[PDB]
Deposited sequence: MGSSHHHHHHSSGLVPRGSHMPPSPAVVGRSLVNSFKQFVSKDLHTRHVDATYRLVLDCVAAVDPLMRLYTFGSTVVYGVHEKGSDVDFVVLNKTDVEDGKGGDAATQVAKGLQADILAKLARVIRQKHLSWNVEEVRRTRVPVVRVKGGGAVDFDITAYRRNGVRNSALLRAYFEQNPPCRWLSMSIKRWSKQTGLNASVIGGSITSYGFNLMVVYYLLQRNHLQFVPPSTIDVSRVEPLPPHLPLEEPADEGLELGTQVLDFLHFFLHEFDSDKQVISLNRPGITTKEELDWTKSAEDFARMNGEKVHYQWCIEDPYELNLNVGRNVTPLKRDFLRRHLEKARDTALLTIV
């Protein structure tokens, strides 16, 4: 299809998303529980809610519980140690006890499979959220992607379109056999928009957690006023870029620098894979996405040679189906 047809199917697919801040009350409900553990402890919001400034249907909320001194140290990295991890699980255990006590109908899951300790909460009516502890990086990288989407608010449509597709096609980490998170696809979307000068480079070091809102304001979204021409033009060029312009053997998707970053300058090579192990397992350096804040973290670490295969196929197949909408 032409950019226009792609644009039109996309605006048409999002028709019921635009119909109907509502997160405040949940923030307050979560703050109740947090305060019964420690009334000096803070609650911060992060994820898509903060990144877009809109709360989507079928998205959880992301919360982190911070101490005063965790905030004031607004630019510290986050310790990747066993005691750090221990500390977070201990506080999260207490808070889970309290959440269960106060809300008997809620499922409160202490998730231990992961690299970052997390409590997953389903109350059963899209009351839906995760809680973490004592980490700045979630709030920090979310303010970074929010900084960019604010330079150019309509780009939130390209990213929302890519996100929904990733989940539909099973590429998204959230689906069985998926390899890239929603977070990784955003880093790809921004990286792309920066390469096309739709966005002005922001150094990740300029983001200060002590200057961020624990609950940031709503950021109005409006329909494309061109019957989605720019959306469809962006989408087609996005796919072209990651298909025929981005050189995955030699390059890294990164917001740490403007221009090109090579795998070679990072030591993200075959030799590194043999030495590697992350979260307990094999890291892959097939599809490279650099984390702006964490040391030596590839967000694309789960992209096996096979999943690199699937990804390209879908990038080819998305050109003709308008991200699975024109079918």
Which runs of the deposited chain sequence never show up in the coordinates?
1-22, 43-46
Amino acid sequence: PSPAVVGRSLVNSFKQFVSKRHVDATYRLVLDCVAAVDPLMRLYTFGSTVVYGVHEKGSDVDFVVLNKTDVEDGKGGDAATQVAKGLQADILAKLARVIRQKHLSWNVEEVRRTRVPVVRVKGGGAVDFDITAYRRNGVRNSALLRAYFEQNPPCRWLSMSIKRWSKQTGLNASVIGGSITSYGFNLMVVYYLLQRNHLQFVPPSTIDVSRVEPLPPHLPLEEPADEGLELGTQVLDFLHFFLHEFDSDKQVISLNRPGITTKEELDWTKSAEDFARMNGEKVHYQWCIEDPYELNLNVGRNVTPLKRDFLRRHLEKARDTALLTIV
From here on, numbers count along this sequence of modelled residues.
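Note that the rigid core is defined as the largest set of C-alphas that superpose within 1.5 Å between two forms.
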Farther-lying stretch by C-alpha RMS in 7 other deposited structures of this protein (rigid core fit) among 122-130, 185-193:
122-130
Root mean square C-alpha distance from this form after a core fit in 7 other deposited structures of this protein: higher for 201-209 or for 109-117?
109-117
Do a third or more of the other compared entries leave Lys307 out of the model?
no
Would you say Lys15 is missing from a third or more of the other compared entries?
no
Per the entry, higher mean C-alpha B factor between 202-210 and 116-124
116-124
Comparing 42-50 with 29-37, which stretch shows the greater average C-alpha B-factor in the deposited entry?
29-37
Just grab whichever of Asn279, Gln286, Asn298, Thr262 has the top CA B-factor as deposited.
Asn279
So, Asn302's CA B-factor, relative to its chain, sits in which third? The lowest
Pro216's Cα B-factor: lowest, middle or highest third of the chain?
middle
If you rank the chain by CA B-factor, which third does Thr269 end up in: lowest, middle or highest?
lowest
How does the C-alpha B factor of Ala225 compare with the rest of the chain: lowest, middle or highest third?
highest
Sorting by Cα B-factor within the chain, modelled residues only, which third would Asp62 end up in: lowest, middle or highest?
lowest
